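The chain below stands alone and is given in structure tokens; this is the form deposited in one PDB entry.
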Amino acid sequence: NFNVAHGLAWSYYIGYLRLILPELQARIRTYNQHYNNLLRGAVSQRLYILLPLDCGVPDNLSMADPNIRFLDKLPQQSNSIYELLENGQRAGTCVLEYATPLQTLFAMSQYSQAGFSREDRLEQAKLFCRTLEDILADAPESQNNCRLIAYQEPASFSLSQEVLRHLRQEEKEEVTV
């Protein structure tokens, strides 16, 4: 009984993703048309959503990994395009952001009146990802312009490598079928 993640996932979809995802692919499409000659290649058309299961969302992506560098702004019709580095070389680019409702789960774990433990938090974080994936599976503003990147960090970790893996898998899918 009592899972905050249910409502967090539904509200993130209804009050956010549903609104920005269609036309997100249109600002990336437009961007690619306009700027492909400056851009060595293209930006993935999907929004990449980081879901760290520890619920740790920093104010700047590069703080989590120096191999993730801000590249440019996606013009409106806030979203930033990031470059992913391997040995100082650009290995990929994409629109990246953390799933904001994970900050609620973290804030709750530090709020004592909630009776919400770090153990509860991890469990609700996983539940958030599961519920959100289910929602996006049947949504018209499809999964197809959105990808969930859920990861549990150990106790060294490369977030950029984690993202690069999804990018490379996505391109494989695109060209195989």
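Numbers follow the displayed sequence, beginning with 1.
The same protein also has a form deposited with a small molecule bound, omitted here; what follows describes it.
Visitor: Could you check which residue among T30, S62, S117, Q152 gets a heavy atom within 4.5 Å of the small molecule in the deposited bound form?
Guide: The residue from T30, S62, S117, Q152 that makes the contact is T30.
Visitor: Counting any heavy atom within 4.5 Å as contact, can you tell me which stretch out of 22 to 30, 118 to 126, 144 to 152, 131 to 139 lines the small molecule in the deposited bound form?
Guide: That would be stretch 22 to 30.
Visitor: Consider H34 of the chain shown here, and say whether it contacts the small molecule in the deposited bound form, taking contact as heavy atoms within 4.5 Å.
Guide: Output for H34 is yes: heavy atoms within 4.5 Å of the small molecule.
Visitor: According to a 4.5 angstroms non-hydrogen atom cut-off, is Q89 in contact with the small molecule in the deposited bound form?
Guide: No, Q89 is distant from the partner.
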